[PDB]
>>> print(open('work15.txt').read())   # compact mmCIF, C-alpha atoms
# COMPACT_ATOMS: atom_id res chain seq x y z
CA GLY A 99 14.87 42.59 1.18
CA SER A 100 11.35 41.27 1.84
CA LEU A 101 9.53 38.08 0.96
CA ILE A 102 5.91 37.02 0.72
CA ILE A 103 5.14 33.32 0.50
CA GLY A 104 1.88 32.00 -1.01
CA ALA A 105 0.50 28.68 0.19
CA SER A 106 -2.84 26.81 0.17
CA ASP A 107 -4.32 24.97 3.10
CA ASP A 108 -3.13 21.53 1.89
CA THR A 109 0.46 22.73 2.59
CA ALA A 110 -0.01 25.35 5.31
CA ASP A 111 0.18 22.86 8.15
CA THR A 112 2.71 20.52 6.46
CA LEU A 113 5.33 21.72 3.88
CA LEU A 114 5.01 25.43 4.66
CA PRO A 115 6.77 25.15 8.07
CA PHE A 116 9.44 23.02 6.38
CA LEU A 117 10.07 25.72 3.80
CA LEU A 118 10.13 28.42 6.53
CA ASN A 119 12.84 26.52 8.44
CA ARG A 120 14.88 26.18 5.22
CA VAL A 121 14.42 29.85 4.43
CA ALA A 122 15.33 30.91 7.99
CA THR A 123 18.58 28.90 7.72
CA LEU A 124 19.62 30.75 4.58
CA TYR A 125 18.28 34.10 5.84
CA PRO A 126 17.95 34.35 9.63
CA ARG A 127 17.25 38.11 9.37
CA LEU A 128 14.51 37.84 6.79
CA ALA A 129 10.98 38.52 8.01
CA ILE A 130 8.42 36.48 6.03
CA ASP A 131 4.79 37.39 5.20
CA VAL A 132 2.50 34.41 4.47
CA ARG A 133 -0.73 34.29 2.46
CA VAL A 134 -2.92 31.22 2.77
CA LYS A 135 -5.75 30.90 0.26
CA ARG A 136 -7.34 28.32 -2.07
CA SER A 137 -4.99 27.12 -4.82
CA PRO A 138 -6.77 28.89 -7.72
CA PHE A 139 -6.17 32.27 -5.98
CA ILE A 140 -2.49 31.74 -5.07
CA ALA A 141 -1.62 30.78 -8.68
CA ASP A 142 -2.99 34.21 -9.70
CA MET A 143 -1.14 35.95 -6.84
CA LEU A 144 2.19 34.61 -8.03
CA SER A 145 1.45 35.81 -11.52
CA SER A 146 0.69 39.33 -10.18
CA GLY A 147 3.47 39.72 -7.61
CA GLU A 148 1.04 39.67 -4.68
CA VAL A 149 3.38 36.84 -3.51
CA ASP A 150 7.07 36.25 -4.43
CA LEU A 151 7.05 32.42 -4.01
CA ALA A 152 4.24 29.86 -3.71
CA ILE A 153 4.12 26.33 -2.35
CA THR A 154 1.50 24.14 -3.98
CA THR A 155 0.59 20.55 -5.00
CA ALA A 156 -0.70 21.31 -8.49
CA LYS A 157 0.75 20.11 -11.78
CA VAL A 158 2.71 23.30 -12.47
CA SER A 160 3.78 25.95 -17.18
CA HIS A 161 6.44 27.33 -14.76
CA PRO A 162 9.83 27.15 -12.99
CA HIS A 163 9.41 24.76 -10.03
CA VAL A 164 11.45 22.94 -7.40
CA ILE A 165 10.09 19.70 -5.92
CA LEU A 166 10.30 19.87 -2.11
CA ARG A 167 8.91 16.37 -1.46
CA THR A 168 7.08 13.44 -3.08
CA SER A 169 4.51 11.63 -0.96
CA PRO A 170 2.08 8.76 -1.54
CA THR A 171 -1.59 9.77 -2.01
CA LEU A 172 -4.05 7.44 -0.29
CA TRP A 173 -7.74 6.66 0.28
CA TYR A 174 -8.83 7.37 3.82
CA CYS A 175 -11.88 6.55 5.92
CA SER A 176 -12.63 6.67 9.70
CA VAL A 177 -11.31 4.10 12.22
CA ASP A 178 -14.77 2.43 12.23
CA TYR A 179 -16.13 3.21 8.77
CA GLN A 180 -18.34 0.49 7.29
CA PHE A 181 -16.77 0.26 3.85
CA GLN A 182 -18.93 -1.66 1.38
CA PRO A 183 -17.49 -2.92 -1.98
CA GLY A 184 -20.99 -3.67 -3.38
CA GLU A 185 -21.77 0.06 -3.32
CA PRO A 186 -20.47 3.33 -4.83
CA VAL A 187 -17.69 5.08 -2.92
CA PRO A 188 -19.24 7.97 -0.99
CA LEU A 189 -16.74 10.83 -1.48
CA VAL A 190 -15.92 13.62 0.92
CA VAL A 191 -14.36 16.27 -1.27
CA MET A 192 -14.08 20.00 -1.48
CA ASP A 193 -16.23 22.00 -3.84
CA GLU A 194 -15.25 22.52 -7.46
CA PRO A 195 -12.61 23.28 -8.36
CA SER A 196 -10.31 20.87 -6.44
CA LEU A 197 -7.35 18.87 -7.65
CA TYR A 198 -7.91 16.00 -5.14
CA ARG A 199 -11.59 15.80 -6.05
CA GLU A 200 -10.66 15.59 -9.77
CA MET A 201 -7.89 13.04 -9.03
CA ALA A 202 -10.21 10.83 -6.98
CA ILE A 203 -12.86 10.94 -9.67
CA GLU A 204 -10.50 10.36 -12.68
CA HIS A 205 -9.12 7.23 -10.93
CA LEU A 206 -12.48 5.72 -9.95
CA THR A 207 -13.65 6.30 -13.57
CA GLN A 208 -10.41 4.93 -15.08
CA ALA A 209 -10.77 1.86 -12.80
CA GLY A 210 -14.53 1.43 -13.45
CA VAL A 211 -15.46 1.92 -9.76
CA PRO A 212 -18.75 3.78 -9.17
CA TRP A 213 -18.83 6.82 -6.84
CA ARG A 214 -21.10 9.56 -5.48
CA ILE A 215 -20.49 12.92 -3.80
CA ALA A 216 -21.32 12.11 -0.20
CA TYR A 217 -20.23 15.40 1.33
CA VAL A 218 -18.91 18.75 0.18
CA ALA A 219 -16.89 21.15 2.34
CA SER A 220 -14.78 24.25 1.66
CA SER A 221 -11.56 23.52 3.57
CA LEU A 222 -9.05 20.81 4.39
CA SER A 223 -10.11 21.06 8.06
CA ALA A 224 -13.76 20.36 7.18
CA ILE A 225 -12.59 17.47 4.95
CA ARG A 226 -10.46 15.88 7.71
CA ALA A 227 -13.31 16.22 10.21
CA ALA A 228 -15.87 14.60 7.93
CA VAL A 229 -13.63 11.63 7.15
CA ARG A 230 -12.67 11.19 10.85
CA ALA A 231 -16.37 11.31 11.76
CA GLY A 232 -17.25 8.63 9.15
CA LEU A 233 -19.12 10.53 6.42
CA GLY A 234 -17.17 8.76 3.71
CA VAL A 235 -13.96 8.37 1.80
CA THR A 236 -11.34 10.87 0.57
CA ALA A 237 -8.13 10.91 -1.41
CA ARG A 238 -5.28 12.85 0.24
CA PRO A 239 -1.49 12.92 0.78
CA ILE A 240 0.15 10.81 3.36
CA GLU A 241 0.62 14.07 5.38
CA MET A 242 -3.06 13.95 6.28
CA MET A 243 -2.61 10.62 8.08
CA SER A 244 -3.61 10.07 11.72
CA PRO A 245 -3.79 6.97 13.96
CA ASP A 246 -7.41 8.30 13.88
CA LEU A 247 -7.80 7.00 10.28
CA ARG A 248 -7.92 3.91 8.11
CA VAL A 249 -6.39 3.47 4.67
CA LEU A 250 -8.39 1.66 1.92
CA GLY A 251 -6.72 0.08 -1.09
CA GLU A 252 -6.41 -2.90 -3.39
CA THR A 253 -8.00 -5.31 -0.88
CA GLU A 254 -11.06 -3.10 -0.63
CA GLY A 255 -11.11 -2.63 -4.48
CA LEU A 256 -9.84 0.99 -4.71
CA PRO A 257 -7.08 1.81 -7.27
CA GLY A 258 -3.58 3.19 -6.78
CA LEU A 259 -3.32 6.96 -6.78
CA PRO A 260 -0.48 9.03 -8.22
CA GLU A 261 1.98 10.53 -5.82
CA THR A 262 1.61 14.08 -4.57
CA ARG A 263 4.53 16.38 -5.47
CA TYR A 264 4.94 19.43 -3.24
CA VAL A 265 6.42 22.11 -5.40
CA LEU A 266 7.91 25.52 -4.97
CA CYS A 267 7.07 28.05 -7.69
CA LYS A 268 8.30 31.48 -8.69
CA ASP A 269 6.94 33.56 -11.59
CA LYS A 270 8.67 33.37 -15.02
CA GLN A 271 9.40 37.11 -14.73
CA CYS A 272 10.30 37.30 -11.02
CA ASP A 273 12.79 40.04 -10.08
CA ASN A 274 12.80 39.80 -6.29
CA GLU A 275 16.48 38.84 -5.92
CA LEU A 276 15.79 37.18 -2.59
CA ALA A 277 13.01 34.93 -3.98
CA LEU A 278 15.47 34.14 -6.84
CA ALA A 279 18.21 33.01 -4.43
CA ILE A 280 15.84 30.97 -2.27
CA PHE A 281 14.51 29.22 -5.37
CA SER A 282 18.08 28.57 -6.55
CA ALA A 283 19.21 27.40 -3.13
CA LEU A 284 16.36 24.93 -2.79
CA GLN A 285 16.97 23.84 -6.36
CA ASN A 286 20.62 23.04 -5.60
CA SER A 287 19.42 20.69 -2.83
CA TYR A 288 17.22 18.28 -4.83
CA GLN A 289 19.41 17.33 -7.81
CA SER B 100 -15.99 -8.09 31.59
CA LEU B 101 -13.48 -8.85 28.81
CA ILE B 102 -9.72 -9.35 28.22
CA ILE B 103 -8.01 -8.68 24.86
CA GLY B 104 -4.43 -9.28 23.79
CA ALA B 105 -2.73 -6.83 21.46
CA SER B 106 0.49 -6.58 19.50
CA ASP B 107 2.47 -3.48 20.71
CA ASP B 108 2.15 -1.95 17.23
CA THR B 109 -1.64 -2.14 17.59
CA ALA B 110 -1.54 -0.82 21.13
CA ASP B 111 0.80 2.08 20.35
CA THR B 112 -1.30 3.61 17.57
CA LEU B 113 -4.83 2.63 16.48
CA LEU B 114 -6.16 0.68 19.51
CA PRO B 115 -7.33 3.33 22.00
CA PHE B 116 -9.16 5.03 19.05
CA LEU B 117 -10.76 1.73 18.12
CA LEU B 118 -11.82 1.12 21.73
CA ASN B 119 -13.14 4.66 22.22
CA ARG B 120 -15.89 3.72 19.72
CA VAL B 121 -16.52 0.53 21.75
CA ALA B 122 -16.73 2.84 24.79
CA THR B 123 -20.15 3.98 23.47
CA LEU B 124 -21.29 0.41 24.10
CA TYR B 125 -21.59 1.25 27.79
CA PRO B 126 -19.80 -0.39 30.75
CA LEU B 128 -18.05 -3.49 29.54
CA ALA B 129 -14.68 -2.36 30.96
CA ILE B 130 -12.09 -3.81 28.56
CA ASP B 131 -8.60 -4.98 29.69
CA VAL B 132 -5.63 -4.62 27.28
CA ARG B 133 -2.75 -7.10 27.41
CA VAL B 134 0.24 -6.30 25.24
CA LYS B 135 3.06 -8.35 23.79
CA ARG B 136 5.04 -8.34 20.52
CA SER B 137 2.98 -9.79 17.62
CA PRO B 138 4.58 -13.22 17.34
CA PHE B 139 3.45 -14.02 20.90
CA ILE B 140 -0.18 -12.96 20.73
CA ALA B 141 -1.72 -16.12 19.31
CA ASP B 142 -0.33 -18.18 22.24
CA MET B 143 -2.27 -15.92 24.60
CA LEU B 144 -5.53 -17.26 23.09
CA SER B 145 -4.30 -20.79 23.15
CA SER B 146 -3.58 -20.73 26.91
CA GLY B 147 -6.99 -19.14 27.57
CA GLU B 148 -5.25 -15.99 28.87
CA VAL B 149 -7.20 -13.61 26.60
CA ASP B 150 -10.68 -14.05 25.06
CA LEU B 151 -9.96 -11.97 21.90
CA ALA B 152 -6.65 -10.78 20.38
CA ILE B 153 -5.32 -8.43 17.70
CA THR B 154 -1.96 -8.86 16.00
CA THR B 155 -0.01 -7.97 12.88
CA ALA B 156 1.51 -11.47 12.74
CA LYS B 157 0.06 -13.98 10.29
CA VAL B 158 -2.25 -16.28 12.23
CA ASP B 159 -1.44 -19.92 11.53
CA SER B 160 -4.42 -21.53 13.23
CA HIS B 161 -7.13 -19.42 14.81
CA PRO B 162 -10.26 -18.01 13.20
CA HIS B 163 -9.51 -14.39 12.41
CA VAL B 164 -11.00 -11.47 10.57
CA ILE B 165 -9.14 -8.56 8.95
CA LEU B 166 -9.75 -5.19 10.59
CA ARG B 167 -7.66 -3.16 8.01
CA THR B 168 -4.82 -3.51 5.48
CA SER B 169 -2.29 -0.68 5.93
CA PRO B 170 0.71 0.05 3.67
CA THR B 171 4.11 -0.46 5.30
CA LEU B 172 6.68 2.29 4.55
CA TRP B 173 10.32 3.46 4.91
CA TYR B 174 10.25 6.56 7.11
CA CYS B 175 12.97 9.08 8.01
CA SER B 176 12.90 12.56 9.58
CA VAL B 177 11.74 15.60 7.65
CA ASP B 178 15.36 16.80 7.38
CA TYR B 179 17.25 13.56 6.92
CA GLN B 180 19.56 13.36 3.91
CA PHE B 181 19.46 9.96 2.27
CA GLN B 182 22.85 8.86 0.87
CA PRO B 183 21.98 6.69 -2.18
CA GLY B 184 25.60 5.53 -2.25
CA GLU B 185 25.80 4.07 1.25
CA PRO B 186 24.49 1.17 3.34
CA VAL B 187 21.04 2.02 4.69
CA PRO B 188 21.34 3.06 8.36
CA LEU B 189 18.51 1.18 10.04
CA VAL B 190 16.71 2.27 13.22
CA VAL B 191 15.30 -0.89 14.69
CA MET B 192 13.97 -2.45 17.88
CA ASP B 193 15.95 -5.11 19.79
CA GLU B 194 15.45 -8.67 18.55
CA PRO B 195 12.91 -10.18 18.15
CA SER B 196 11.11 -7.65 15.95
CA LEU B 197 8.92 -8.39 13.00
CA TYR B 198 9.66 -4.99 11.34
CA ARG B 199 13.46 -5.37 11.71
CA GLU B 200 13.31 -8.83 10.17
CA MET B 201 11.01 -7.37 7.44
CA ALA B 202 13.40 -4.51 6.75
CA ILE B 203 16.52 -6.74 6.56
CA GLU B 204 14.77 -9.40 4.44
CA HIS B 205 13.63 -6.98 1.72
CA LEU B 206 16.87 -4.95 1.58
CA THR B 207 19.02 -8.13 1.39
CA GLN B 208 16.74 -9.66 -1.30
CA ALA B 209 17.06 -6.45 -3.36
CA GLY B 210 20.86 -6.44 -2.96
CA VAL B 211 20.64 -3.20 -0.93
CA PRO B 212 23.28 -2.90 1.83
CA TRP B 213 22.25 -1.89 5.34
CA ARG B 214 23.58 -1.46 8.84
CA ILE B 215 22.16 -1.11 12.36
CA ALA B 216 22.60 2.57 13.24
CA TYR B 217 20.44 2.50 16.41
CA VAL B 218 18.86 -0.29 18.44
CA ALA B 219 15.82 1.13 20.27
CA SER B 220 13.59 -0.12 23.04
CA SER B 221 10.09 1.13 22.15
CA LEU B 222 8.11 2.89 19.43
CA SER B 223 8.61 6.28 21.07
CA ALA B 224 12.32 5.47 21.12
CA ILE B 225 12.20 4.44 17.43
CA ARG B 226 10.57 7.82 16.66
CA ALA B 227 13.01 9.82 18.74
CA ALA B 228 15.99 8.15 17.09
CA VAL B 229 14.66 8.80 13.58
CA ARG B 230 13.74 12.39 14.58
CA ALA B 231 17.38 12.82 15.62
CA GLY B 232 18.40 11.69 12.08
CA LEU B 233 20.11 8.43 12.95
CA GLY B 234 18.45 6.64 10.02
CA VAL B 235 15.43 4.99 8.55
CA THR B 236 12.82 2.63 9.94
CA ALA B 237 10.16 0.51 8.40
CA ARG B 238 6.68 0.78 9.90
CA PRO B 239 2.97 0.73 8.86
CA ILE B 240 1.11 3.89 7.76
CA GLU B 241 -0.30 4.42 11.23
CA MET B 242 3.22 5.46 12.34
CA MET B 243 2.99 8.59 10.16
CA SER B 244 3.52 11.91 11.91
CA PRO B 245 4.47 15.53 10.95
CA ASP B 246 8.11 14.95 11.98
CA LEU B 247 8.45 12.20 9.35
CA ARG B 248 8.61 11.67 5.60
CA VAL B 249 8.39 8.61 3.42
CA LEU B 250 11.22 7.16 1.39
CA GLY B 251 10.94 4.64 -1.40
CA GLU B 252 11.37 3.70 -5.02
CA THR B 253 13.06 6.90 -6.22
CA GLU B 254 15.54 6.47 -3.32
CA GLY B 255 16.28 2.84 -4.40
CA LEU B 256 14.30 1.34 -1.49
CA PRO B 257 12.13 -1.76 -2.10
CA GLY B 258 8.37 -1.91 -1.57
CA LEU B 259 7.21 -3.50 1.68
CA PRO B 260 4.22 -5.82 2.00
CA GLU B 261 1.05 -4.48 3.53
CA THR B 262 0.28 -4.83 7.23
CA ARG B 263 -2.92 -6.66 8.09
CA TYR B 264 -4.25 -6.06 11.56
CA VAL B 265 -6.36 -9.15 12.38
CA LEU B 266 -8.80 -9.97 15.15
CA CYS B 267 -8.72 -13.53 16.57
CA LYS B 268 -10.97 -15.70 18.74
CA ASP B 269 -10.40 -19.31 19.89
CA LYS B 270 -12.87 -22.18 19.32
CA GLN B 271 -14.48 -21.42 22.70
CA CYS B 272 -17.85 -20.69 24.38
CA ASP B 273 -17.92 -17.04 25.53
CA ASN B 274 -21.06 -14.90 25.24
CA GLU B 275 -19.35 -11.48 25.51
CA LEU B 276 -16.64 -12.47 23.01
CA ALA B 277 -19.03 -13.43 20.19
CA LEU B 278 -20.67 -9.97 20.30
CA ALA B 279 -17.33 -8.27 19.62
CA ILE B 280 -16.98 -11.06 16.97
>>> encode(input="work15.txt", output="structure tokens")
Amino acid sequence: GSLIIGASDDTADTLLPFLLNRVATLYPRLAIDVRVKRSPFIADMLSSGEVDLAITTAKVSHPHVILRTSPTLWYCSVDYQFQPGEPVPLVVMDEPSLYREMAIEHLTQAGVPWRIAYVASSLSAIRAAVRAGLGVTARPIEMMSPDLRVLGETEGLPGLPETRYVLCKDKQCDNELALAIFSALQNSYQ
Amino acid sequence: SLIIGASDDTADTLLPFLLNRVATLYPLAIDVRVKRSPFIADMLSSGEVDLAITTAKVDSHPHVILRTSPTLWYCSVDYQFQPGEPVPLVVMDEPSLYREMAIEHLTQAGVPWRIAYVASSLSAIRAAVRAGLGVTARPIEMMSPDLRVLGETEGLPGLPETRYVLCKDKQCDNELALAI
């Protein structure tokens, strides 16, 4: 058998290697192809069979196994001059972006004003901007560095929902190997 | 010109990053003096350091808050939590603010625990956890790719936040006031 795993950049460096170690344990002789692409594209690839399995952070209409639940936090640089009396300058990816929408829903919900301080098209560009003090972002605990500060209730920012890293197969999947991996991971977390 | 005292937890994570910024303010050459957090305030009292940073509460020095970090239960990526059993704790040798913190909150919540590994440093805490001996409690700045966070859904109680504070004494020092 063969297996192609879909993943977006928010998992490629974090939960993807975890999944690959789990898969290797169950199938040491399985060679794995990986596609990394923005979450809108990978959702479509799973639907079309371009990938057999996908690891994402979206609210996923589908069969899914939860690989991990992590806090989501507000981050700024080690020496960022955060100012309560002003609107949160956001470093976010371009539309569409779950973390951008999450940040914005929660500031709105909580009544806290905000602006789009900086747009970039990748997690790597996001990380760099925050680290280099261009503003604030909302991301999973996996993004953390000793390089970064967390902002919260003391600084006036609201709680954020947890990030769920989820494994997805298509409703009509018939790759028997993707079906056993799904089922094997499922029998771990329940 | 200047001497600072720092709690090990500050030294072992955020501090060199924090000073690297202050390394743009050209050389003064800063000198870092480390002890566990309950001992830092005494280093200002005796005149030994001019400024200090600790995660201890300061009883009586003027201090400002540098950041408020969440404090979290961490285990390895692969570690299997047994919700049945006493929590196997991975802790530093006494005295240790985070060991005390861990044991206080577990006991208060009626959650049984046990010392699975007594360690001698932060690196040693990490290596123990990475080897799957158990769980440790530490601030967010401990996060790494070899770890994951446990909590509510695992039955584990929330921990209070960690405030890293910067202290000065009531003293006349021109270089100290600039770092404020």
>>> interface_residues(input="work15.txt", of="chain A", to="chain B", cutoff="9 Å", atoms="all atoms listed in the file", output="ChimeraX atom specification")
/A:111-112,116,167-170,177-178,240-251,253-254
>>> closest_residue(input="work15.txt", among="A:166, A:156, A:265, A:231", to="residue 197 of chain A", atoms="all atoms listed in the file")
A:156
>>> atom_distance(input="work15.txt", atom1="atom CA of residue 164 of chain A", atom2="atom CA of residue 200 of chain A")
23.4 Å
>>> atom_distance(input="work15.txt", atom1="atom CA of residue 140 of chain B", atom2="atom CA of residue 223 of chain B")
21.2 Å
>>> atom_distance(input="work15.txt", atom1="atom CA of residue 280 of chain A", atom2="atom CA of residue 121 of chain A")
6.9 Å
>>> residues_around(input="work15.txt", residues="residue 238 of chain A", least_positions_apart="4", cutoff="9 Å", atoms="all atoms listed in the file", output="ChimeraX atom specification")
/A:170-174,198,202,242-243,262
>>> closest_residue(input="work15.txt", among="A:110, A:152, A:132, A:99", to="residue 223 of chain A", atoms="all atoms listed in the file")
A:110
>>> residues_around(input="work15.txt", residues="residue 216 of chain B", least_positions_apart="3", cutoff="8 Å", atoms="all atoms listed in the file", output="list in words")
residues 188, 189, 190, 233 and 234 of chain B
>>> residues_around(input="work15.txt", residues="residue 257 of chain B", least_positions_apart="3", cutoff="8 Å", atoms="all atoms listed in the file", output="PyMOL selection string")
chain B and resi 205-206+209+251-252
>>> residues_around(input="work15.txt", residues="segment 271-275 of chain A", least_positions_apart="2", cutoff="9 Å", atoms="only C-alpha atoms", output="list in words")
residues 99, 100, 101, 145, 147, 150, 268, 269, 277, 278, 279 and 280 of chain A
>>> closest_residue(input="work15.txt", among="A:180, A:221, A:155, A:119", to="residue 284 of chain A", atoms="only C-alpha atoms")
A:119
>>> closest_residue(input="work15.txt", among="B:191, B:279, B:211, B:172", to="residue 262 of chain B", atoms="all atoms listed in the file")
B:172
>>> build_atoms(input="work15.txt", residues="segment 256-277 of chain A", atoms="N, CA, C and O atoms", output="compact mmCIF listing (two decimals), keeping the file's coordinate frame")
# COMPACT_ATOMS: atom_id res chain seq x y z
N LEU A 256 -10.18 -0.38 -4.27
CA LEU A 256 -9.84 0.99 -4.71
C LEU A 256 -8.48 1.00 -5.42
O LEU A 256 -7.57 0.27 -4.99
N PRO A 257 -8.32 1.83 -6.49
CA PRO A 257 -7.08 1.81 -7.27
C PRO A 257 -5.97 2.62 -6.62
O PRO A 257 -6.23 3.47 -5.75
N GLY A 258 -4.75 2.37 -7.09
CA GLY A 258 -3.58 3.19 -6.78
C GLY A 258 -3.79 4.64 -7.22
O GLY A 258 -4.53 4.93 -8.16
N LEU A 259 -3.16 5.56 -6.49
CA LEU A 259 -3.32 6.96 -6.78
C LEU A 259 -1.93 7.47 -7.10
O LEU A 259 -0.96 6.91 -6.59
N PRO A 260 -1.82 8.51 -7.94
CA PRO A 260 -0.48 9.03 -8.22
C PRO A 260 0.06 9.72 -6.98
O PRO A 260 -0.71 10.11 -6.07
N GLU A 261 1.37 9.89 -6.95
CA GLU A 261 1.98 10.53 -5.82
C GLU A 261 1.72 12.03 -5.91
O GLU A 261 1.48 12.57 -7.00
N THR A 262 1.70 12.65 -4.75
CA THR A 262 1.61 14.08 -4.57
C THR A 262 3.04 14.59 -4.62
O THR A 262 3.92 13.97 -4.03
N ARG A 263 3.26 15.68 -5.38
CA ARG A 263 4.53 16.38 -5.47
C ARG A 263 4.27 17.77 -4.88
O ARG A 263 3.40 18.50 -5.39
N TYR A 264 4.96 18.10 -3.78
CA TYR A 264 4.94 19.43 -3.24
C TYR A 264 6.02 20.22 -3.91
O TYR A 264 7.18 19.83 -3.88
N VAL A 265 5.60 21.33 -4.51
CA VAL A 265 6.42 22.11 -5.40
C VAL A 265 6.46 23.56 -5.01
O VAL A 265 5.46 24.14 -4.59
N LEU A 266 7.65 24.13 -5.20
CA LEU A 266 7.91 25.52 -4.97
C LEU A 266 7.92 26.18 -6.33
O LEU A 266 8.53 25.66 -7.26
N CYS A 267 7.23 27.31 -6.44
CA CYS A 267 7.07 28.05 -7.69
C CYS A 267 7.43 29.49 -7.48
O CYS A 267 7.13 30.06 -6.42
N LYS A 268 8.09 30.05 -8.50
CA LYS A 268 8.30 31.48 -8.69
C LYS A 268 7.69 31.82 -10.06
O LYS A 268 7.43 30.91 -10.86
N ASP A 269 7.47 33.10 -10.31
CA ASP A 269 6.94 33.56 -11.59
C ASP A 269 8.05 33.63 -12.63
O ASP A 269 9.19 34.00 -12.30
N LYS A 270 7.72 33.29 -13.89
CA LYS A 270 8.67 33.37 -15.02
C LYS A 270 9.46 34.68 -15.05
O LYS A 270 10.63 34.69 -15.40
N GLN A 271 8.81 35.77 -14.66
CA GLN A 271 9.40 37.11 -14.73
C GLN A 271 9.68 37.74 -13.35
O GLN A 271 9.70 38.98 -13.20
N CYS A 272 9.91 36.88 -12.36
CA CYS A 272 10.30 37.30 -11.02
C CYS A 272 11.60 38.11 -11.02
O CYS A 272 12.56 37.75 -11.71
N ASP A 273 11.62 39.18 -10.23
CA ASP A 273 12.79 40.04 -10.08
C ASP A 273 12.98 40.49 -8.62
O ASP A 273 13.55 41.56 -8.35
N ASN A 274 12.46 39.68 -7.70
CA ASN A 274 12.80 39.80 -6.29
C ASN A 274 14.01 38.92 -6.12
O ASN A 274 13.89 37.70 -6.24
N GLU A 275 15.17 39.54 -5.88
CA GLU A 275 16.48 38.84 -5.92
C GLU A 275 16.55 37.79 -4.83
O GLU A 275 17.18 36.73 -5.01
N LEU A 276 15.89 38.08 -3.72
CA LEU A 276 15.79 37.18 -2.59
C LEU A 276 14.95 35.93 -2.90
O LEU A 276 15.35 34.83 -2.53
N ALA A 277 13.80 36.10 -3.56
CA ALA A 277 13.01 34.93 -3.98
C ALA A 277 13.81 34.09 -4.99
O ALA A 277 13.82 32.87 -4.93
